[PDB]
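Here's the letter readout for the chains.
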Amino acid sequence: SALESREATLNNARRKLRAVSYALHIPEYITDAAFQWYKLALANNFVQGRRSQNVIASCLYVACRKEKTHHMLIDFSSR
Amino acid sequence: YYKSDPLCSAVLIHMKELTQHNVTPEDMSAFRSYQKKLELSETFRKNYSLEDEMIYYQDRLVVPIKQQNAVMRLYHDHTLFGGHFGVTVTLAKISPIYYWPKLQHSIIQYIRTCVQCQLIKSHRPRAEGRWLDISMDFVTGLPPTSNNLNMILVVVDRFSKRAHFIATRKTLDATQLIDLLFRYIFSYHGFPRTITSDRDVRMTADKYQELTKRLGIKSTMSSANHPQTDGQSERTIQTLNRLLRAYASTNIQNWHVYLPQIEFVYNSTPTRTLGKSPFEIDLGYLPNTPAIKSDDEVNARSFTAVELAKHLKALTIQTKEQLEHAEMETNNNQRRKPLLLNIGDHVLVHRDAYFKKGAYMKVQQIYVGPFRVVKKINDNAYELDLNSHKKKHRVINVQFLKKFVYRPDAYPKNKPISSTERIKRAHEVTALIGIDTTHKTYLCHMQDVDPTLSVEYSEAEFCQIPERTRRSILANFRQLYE
DNA sequence: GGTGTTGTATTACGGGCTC
DNA sequence: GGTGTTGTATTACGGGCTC
DNA sequence: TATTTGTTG
DNA sequence: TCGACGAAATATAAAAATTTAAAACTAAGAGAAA
DNA sequence: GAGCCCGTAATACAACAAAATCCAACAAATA
DNA sequence: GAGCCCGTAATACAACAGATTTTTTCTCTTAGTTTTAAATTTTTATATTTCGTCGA
């Protein structure tokens, strides 16, 4: 179904976001806001051809920036 | 109670013989005692934490076989402060402190023996409330909703004030015969003795008489002219407005879905008039479980489930509706009711964003989305970013300002931004307000967003939707307006 | 006329001891 | 956290009689 | 004479 | 070992102009399990 | 002990245990 | 009674009762499609980062 295809993509996004968050040490509500921003990105005809780490890093950064915190893009790019 | 020394010649110490094995002078002809002990002790129980010269084991005394008649006599004699009351209340108050193995048989045996001592002479052969007088009502206008379902039958209890929204198939096809089938489909609660639906004179209630003659119920569905003293017409009026508000929402996953939640929330709210909520005005239990866990989307095995659950938490909308319509304020205070607005909160502005024009029979009342305020000039001139600062497109008067754009919990969906967003989210709509008078632009209500926010549609993405019903309802709203 | 029937863990009953 | 459960013929046990 | 159609380990 | 300068990397807004993924989105295919 | 009537009233015993296709093969029914 | 060892020996309890395909959703797995955005050039003034080099 149309709603069935969304769930697998959202599950993959959640898995990758949690995998990065396990090394970023960010709280739960930041990850929740990042996942809702990822849902908004998919609703905006999500940018295809981009690397997966780029878009999840952008969503994680905008979620960590929407509340005043300390994380820097180098920490996102430290692998 | 009667004594602190139990009589050992009974089943009590024989049950106490589970693991301590005191002594076995059970009784004369004790065939029942040992089989009862072995069966009801070796199989499941393993209870009765043993105590010396005590029968507390649970928190109830284990009354002996010899002592039961005396304690029941002292508990029942009205001269000895017993009351001689009914079986139910005596049975309830006799077992928080007494165990009485086979309590019910002993109680009913004592009652059927002592009835000759105190005979009761209530009349056997030959007065309102709790599904005795009932009334059901129809609705007038309602969308087809993807399965030609355009009907809602509210059934208002005359006493308990409990409603039931049913018969959501068709306006006329489920009105001759199937309305009897629908009254029968919620009549598993019970068969009312009188129905006073009060909608119109019908060929129905003749076939209803056929079913109640096929069964033995003496019901009647006369509904001669109307019951209308003071309040039932008011109840109908206030009921239909909420159902018309359901009419004014949810064009996909329609009101034929999640209507039970609407019924639960309606009968869960306290009436505030003459008593409490309908689920406790006749039933008396079942807290509503208000928490629906509208959080933790990152920990979710099914994200469609949490999306629809976040939709399920729209009960705040219904409660706000029935609280504000429970529906006025203080006159002439509204001019002073605008107050000091702090920098940072999102501000909603009226129609004159940069152009003020003749909006299409305007019922949107603020017409656009929120913006952020950064500076204020005076008490009647606030700066907030709408357009480029050419020709002063930045500041407007406070009469064109509002304050409140909050509660994302009650409104799950965000604000759509782009056309490519709008193409995909186009098939999630609530209402259509009016075409923008400039050239062609549509103004609409979307679903699961607050009605204050509005979303702009053009004809490019307007061809991929069920929009026939949208401009149909806009046309009949224009007919009502002019 | 022609219409259940044994394998199997499980458990109950006698010789021999303490009485 | 999460793990059987009642409908049904059939049969067993007290008041009242003979003792 | 081939294709069916009742019932039964 | 503090000062002095050179210089690529980005944005930037377009017009463009060949190859490279690339991740949503369908669609078998097995495996459950009343 | 010894049994009987009668009136309740316990009492193990089995049914819910997904539903419905045929497989192979006797013999009836036409046309 | 009261139990125990051990050695035989009865003892109710259950399996054989035609076996297989379907029926209706769901949920990983794994290969094919589609839309779309992106790898090397000009370039233009702006600015800051990070090397990179040089000097007394």
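cryo-EM is the method the PDB entry lists for this structure, together with a resolution of 3.98 Å.

Q: Just checking my understanding: could you explain the interface of chain A and chain B for this structure?
A: Size of an interface, as often reported, equals the accessible area lost when the parts are brought together. On the chain B side, the residues contacting the 16 residues of chain A number 17 residues. Approximately 1500 Å² of surface area, both sides summed, lies buried where chain A meets chain B, with 45% of it carried by carbon and sulfur atoms. Three residues stand out in chain A for area buried against chain B, namely A:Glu7, A:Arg14 and A:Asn44, and they jointly supply 32% of the buried area on that side. In this structure, the connection of chain A to chain B is made through zero salt bridges. Taken together, chain A and chain B are joined by ten residue pairs in polar contact.

Q: Sorry if this is basic, but what is going on with the sheet that holds strand β1 (residues 133-137) of chain B here?
A: By way of backbone hydrogen bonds, the strands of a sheet pair with one another, either parallel or antiparallel. Residue and element names in this part refer to chain B. Spatial strand order, β3-β2-β1-β4: four strands in an open sheet with mixed pairing. Pairing within the sheet leaves two strands with one partner each, and these edge strands are β3 (165-166) and β4 (194-195). Bridge analysis of strand β2 (residues 153-157) against β3 gives two bridges, and the strand direction is antiparallel. For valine 154, the partnering residue across the bridge sits in β3 and is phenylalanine 165.

Q: Looking at this model, I keep getting lost on the packing of aromatic side chains. Mind explaining?
A: One pair of aromatic rings is described through two measures. These are the centre distance and the angle between the planes. All names here are of chain B. This model, assessed by the stated rule, comprises eleven aromatic pairs over all chains. With centroids separated by 5.6 Å and ring planes inclined at 85°, the aromatic side chains of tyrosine 48 and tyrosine 57 adopt a geometry described as edge-to-face. Residue classification places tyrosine 48 among the buried residues on the basis of a relative accessible area of 12%. Assessed through its relative accessible area of 9%, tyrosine 57 is described here as buried. Here the aromatic cluster, defined as three or more aromatic residues joined through ring pairs, consists of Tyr48, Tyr57 and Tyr99. The aromatic ring of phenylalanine 138 is capped on one face by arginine 202, whose charged end is 4.8 Å from the ring centroid.

Rules of the game
Residues numbered from 1 in each chain as written, not as in the entry; some residues may be left out. Chains lettered and ligands numbered in written order. Part of a larger assembly, values for the part shown. Heavy atoms only, no water. Residues with missing side-chain atoms left out of burial classes, pairs and counts. Contact = heavy atoms within 4.5 Å. Buried area = accessible area lost by both parts, 1.4 Å probe. Salt bridge = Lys/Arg side-chain N within 4 Å of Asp/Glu carboxyl O. Polar contact = N/O pair within 3.5 Å; in protein donor to acceptor, adjacent residues only side chain to side chain. Pairing = 2+ DSSP bridges. Helix = DSSP H or I, 4+ residues; strand = E, 2+ residues; numbered from the N terminus. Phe/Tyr/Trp six-rings, centres within 6.5 Å; stacked < 30°, edge-to-face > 60°. Buried < 20%, exposed > 50% of the residue type's maximum accessible area, 1.4 Å probe, protein only. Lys NZ or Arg CZ within 6 Å of the ring centre and 35° of its normal.

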